[PDB]
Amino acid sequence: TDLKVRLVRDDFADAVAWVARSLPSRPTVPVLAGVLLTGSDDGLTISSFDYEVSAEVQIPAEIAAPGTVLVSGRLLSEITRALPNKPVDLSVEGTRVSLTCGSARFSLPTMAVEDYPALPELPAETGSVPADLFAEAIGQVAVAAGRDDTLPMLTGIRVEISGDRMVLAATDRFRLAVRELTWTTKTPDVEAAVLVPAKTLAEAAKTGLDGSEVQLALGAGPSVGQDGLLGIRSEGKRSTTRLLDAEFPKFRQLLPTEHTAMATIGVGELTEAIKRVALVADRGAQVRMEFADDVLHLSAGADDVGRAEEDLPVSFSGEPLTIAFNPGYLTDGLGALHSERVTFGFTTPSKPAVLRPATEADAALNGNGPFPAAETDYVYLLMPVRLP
């Protein structure tokens, strides 16, 4: 039986659009360039796969003849993206697929569905997270992951599961992001850790969270992470991603427990100022932060390109300090706090600083120090830059 079915334009176009993002560009095996359509029992299944990441979504469908077909993914995406808002009639006829919408008519050559690899079966679903919380946490941590495939061991997000607690981490050796959150476990309690490619996980957080809840699949019991695969399911969309076989550093030990100095200031203000003074820095060379008497003196630049400085009111408690940072790394941290005010926790100009959201307890603390580190769900440790 050849596939004959009618679908809604927006449904088919959205599904194809999403499944098409995971498609490989000019893959080794030609069939990998195709999208798989399988219609049955008043539904259509649209799938893509590249041996590293898989995307599968199911949409409503008026089935006239259940069947399966494989068509060029990018071409299907371009076509579906330009169809008029009318029903989409899909009908496989021999070696070609007939796609009809409005007065437009397309006839494409099918692909070798037999040569197409079987999709990976997702492990057992371990737990479920609110979609917005998951998206925020991942977005907050991923900024700290490495972005260089020549250093793959840095390009991951560590996912720790301990009962109802989940800890996400990421680093590139110069900055560390950690987010603690709670989820609803769907299996007996687990105590496992894996390393997921950050780009794929963030992609799933942005484009994969179609619903309000997000189920994650890593296994069950002792076989959590054994399959080397992570499943991510939502309302209709389910994807898979290969795990990274690399060790994540020990980060709990680098998180300071006390701070000699502390500086609270507004995120928007600080961000704008950093981006302004950084205009004269030598390609994100460094920004100099001079804290003293509740005033933050920002400066940067050389005498050959130019130098800039700007003063900002700041709630600074502790010993005066002069510490420098990479502008991009700094604004990356500030942009992940998602709070009105940021609180820095400095030690020495040559040791990490703790950017974290401001808490009510910080307005209170004021003295000579030392000050104890506050408990916070998200933390962004940033290594400073050596000054001349």
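Throughout, we count residues from 1 along the sequence that is shown.
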| property | result |
| --- | --- |
| Average Cα temperature factor in the PDB entry - higher stretch of 321-329, 29-37 | 29-37 |
| Mean temperature factor over C-alpha atoms, higher-scoring stretch between 48-56 and 349-357 | 48-56 |
| Residue with maximal Cα B-factor (values as given in the PDB entry) among 290, 227, 180, 149 | 227 |
| Out of 120, 197, 231, 256, residue topping the C-alpha B-factor column of the entry | 120 |
| Modelled-residue ranking by C-alpha temperature factor, third containing residue 313 | middle |
| Residue 85 - which third its CA temperature factor falls in, relative to the rest of the chain | highest |
| Third of the chain's Cα B-factor distribution that residue 158 belongs to, per the entry | lowest |
| Lowest, middle or highest third - CA B-factor, residue 20 | middle |
| Residue 144 - Cα temperature factor, lowest/middle/highest third of chain | lowest |
